[PDB]
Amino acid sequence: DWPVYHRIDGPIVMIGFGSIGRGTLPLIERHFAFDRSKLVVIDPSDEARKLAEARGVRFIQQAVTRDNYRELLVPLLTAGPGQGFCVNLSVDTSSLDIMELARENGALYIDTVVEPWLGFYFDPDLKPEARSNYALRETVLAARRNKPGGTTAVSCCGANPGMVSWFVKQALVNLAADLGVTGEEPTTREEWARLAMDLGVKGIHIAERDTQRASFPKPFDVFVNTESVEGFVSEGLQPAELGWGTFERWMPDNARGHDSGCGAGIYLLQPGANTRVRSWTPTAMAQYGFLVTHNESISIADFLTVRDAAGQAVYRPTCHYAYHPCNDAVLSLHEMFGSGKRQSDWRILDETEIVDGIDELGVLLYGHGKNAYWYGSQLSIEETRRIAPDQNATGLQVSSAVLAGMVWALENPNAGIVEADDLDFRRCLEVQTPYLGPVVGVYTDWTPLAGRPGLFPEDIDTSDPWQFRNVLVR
């Protein structure tokens, strides 16, 4: 039977019941003990209501807004008897305002993204710098400094951001042994950054390849994806964004830094979902990825930053997304940007519609003695159906990572505001690994200069294959 990790003796408030909420709720009932009536789901859509009613769970058909979130949520969070848990899996809501609301009411909190109130993503008056995830992330870092410690609030604990942070630590451990780097396993942020520096890790790709396919072809004028379309399109239209490593010798003309913050990121003045990079995964081998902005791009580079006594950074890795979505999403991207506007409709591929395919999601560490090393999951839809209901392979990697964040938080309920990089990676993977299918590490001799230059003059840097000048596609 499945392990029941803890009893939750308080209200469980799930904000948003979309593709990820539908997959997470079954996992919460499976691995936690509690009275079913103590759970409550909040979502404005009629489709979510009918699903919630099919589960016999309390439902409030309401959109959480800046105007109503205090009056709406505080009664739900303080209903008792004990400590409540706010599980935020929504769009169009401010992760920071809800997070702060839960903390000051003594309720645990978890989400999978730093989401802003509706209007932010397309606000015409915001500068590209303020539209970046770097800026959104700095609002959570500022909150953590203004109110250190307290009730635990786990920020950005999905598959990516989230799971991949744990994969980076396990990958670093594996690389140390394989490169025969002597030493004791790191137990602090400073020790981890120092290990990556000592291993010669110049950068990291969040290298992903989704091969799931449906029984019907991509409909015309319909955006298709295996997870949130609204969320993917929104982040796809934000600036391309990456953690900027100290080994880089070149950035493009339309790249910009930040005047304040942790200083670990840059951004390009162009949408990320229409920005290609050269990357690599085990199933796909050499492929194009899209440089979509993610929280872990900034948080991983910042976490693995080494500073001198003066506070200046002397080592940090490059880190960014390299996303090859399912073929219907690639076509949807080609369609959307080719038209200049969102499609008239969208849909998320369901477990009942997907014929085959996997979601290969891992971290690719490069620049070290063995060139490149990819570590991550290869979960298949066949395995997904066999172990978890109401979700495809993309959704299970995410929902299982929310399960591990919830377990860690109940076991560490007074750790303050934390990101996935602050969680005990070994305990989190122990919870999640049953839902990840094969988890493997693989070396490769491939580099972004393979087969280059070709028959056209090209702006490459042959001294160092992994320079961003060689990765970025023009």
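Start at 1 and count along the sequence shown; that's the residue number.
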Exercise. Select between 240-248 and 74-82 the stretch whose C-alpha atoms have the higher average B-factor in the entry.
Key: 74-82
Quiz prompt | 274-282 versus 379-387 - which carries the larger mean C-alpha B factor in the record | solution = 379-387
Exercise. Compare the CA B factors listed in the entry for 374, 323, 120, 267 and report the winner.
Key: 120
Quiz prompt | Highest recorded Cα temperature factor - choice among 33, 439, 442, 410 | solution = 33
Self-check item: Among modelled residues of the same chain, the CA temperature factor third for residue 200
Solution: middle
Quiz prompt | Position of residue 214 among the chain's modelled residues by C-alpha B-factor, lowest, middle or highest third | solution = highest
Self-check item: Chain-relative CA temperature factor third for residue 405
Solution: lowest
Quiz item: When the modelled residues of the chain are sorted by Cα temperature factor, does residue 220 land in the lowest, middle or highest third?
Solution: lowest
Exercise. Would you mind checking where the Cα B-factor of residue 430 ranks among the modelled residues of its chain, as the lowest, middle or highest third?
Key: highest
